[PDB]
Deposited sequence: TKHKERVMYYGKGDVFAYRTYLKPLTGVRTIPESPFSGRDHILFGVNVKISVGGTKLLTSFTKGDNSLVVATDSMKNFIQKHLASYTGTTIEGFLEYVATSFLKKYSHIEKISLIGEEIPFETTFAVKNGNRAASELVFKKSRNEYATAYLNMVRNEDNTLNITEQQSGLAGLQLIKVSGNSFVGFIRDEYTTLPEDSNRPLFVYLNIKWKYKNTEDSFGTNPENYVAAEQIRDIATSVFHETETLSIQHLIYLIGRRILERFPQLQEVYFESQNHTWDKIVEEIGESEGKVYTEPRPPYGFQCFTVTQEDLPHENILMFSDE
């Protein structure tokens, strides 16, 4: 009930250590990240009982300026020798608590800024550019970390989660929504073949926090692989609801990644309307949503 910090701390770096040696799965071609260009948007929040008088009295003696937190994060991207956004948050968190002993808790959110490769031609041969990248406004990897300083001054991870945000998938056929309650408030017709359009935010938790850092990359779960599981499962099965779809996606994730403990879904329904006069159009604003956890 007393925290402060900095949001929208963007930091971009070239030639981060490549992520290599990740275990591949049948649903995904993902085998690593070259890391020629790496971007992250970090939010940092900190607290501690010794900050009380910064609120109650206007005493700034123990206030790390939020501007300085921004400098801390950006400088640490330059010195980070690891390979994942999760490991970067861990580096920032441990470093920050080691620097500022009066801080008792730090919470970090990191959002990948995704870039995609582009094509260039050199002497007749077209290939991926190592220089020119396309900024993507589509799905992106996320990471969350909370760390605390205990009364015996050890540091402990109290929460850690990885994710995939902003995935927007439409399946043109092979989706039903039937059998729901029909009463005085029901106008929705039964539909045995709708073009289901779902937004997915998927988060996962590791059994062992160390697996999230890429130290042993064979145990890392890449957001890219989660994406490709999601599209494969959506494709493979006649859907009966978004609820049951996210259940089946979660089951496949836990099957493919036994090192995970849980998968959490936040989904939204944005399915198009058939037009007034198959052609579809955008619906009115109200959107359905679902929240669901699958456990290993």
Deposited-sequence ranges lacking C-alpha coordinates, in sequence order: 1-6, 284-290, 310-323
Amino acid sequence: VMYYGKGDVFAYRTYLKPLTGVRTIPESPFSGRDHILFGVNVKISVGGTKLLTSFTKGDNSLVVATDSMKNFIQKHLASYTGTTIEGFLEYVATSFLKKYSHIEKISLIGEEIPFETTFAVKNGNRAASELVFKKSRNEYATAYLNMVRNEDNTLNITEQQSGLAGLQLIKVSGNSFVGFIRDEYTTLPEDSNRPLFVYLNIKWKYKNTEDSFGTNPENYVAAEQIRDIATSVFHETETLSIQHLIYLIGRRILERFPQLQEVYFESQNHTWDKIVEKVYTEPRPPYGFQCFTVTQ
From here on, numbers count along this sequence of modelled residues.
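Note that the rigid core is defined as the largest set of C-alphas that superpose within 1.5 Å between two forms.
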Between 124-132 and 180-188, larger RMS Cα displacement in 7 other deposited structures of this protein after core fit: 124-132
Divergent stretch in 7 other deposited structures of this protein, 108-116 or 149-157 [C-alpha RMS, superposed by the core]: 149-157
Of 213-221 and 170-178, the stretch whose C-alpha atoms average the higher B-factor in the entry: 213-221
Selected stretch [higher average CA B-factor]: 161-169 or 185-193: 185-193
Deposited CA B-factor, highest of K205, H76, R137, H102: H102
C-alpha B-factor winner, where the candidates are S54, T237, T231, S68: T237
Third of chain Cα B-factors occupied by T84: middle
Ranked C-alpha temperature factor of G47 among modelled chain residues, by third: middle
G58 by Cα B-factor - lowest, middle or highest third of the modelled chain: middle
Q268 - Cα temperature factor, lowest/middle/highest third of chain: lowest
Cα B factor band for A141 (lowest, middle or highest third within the chain): lowest
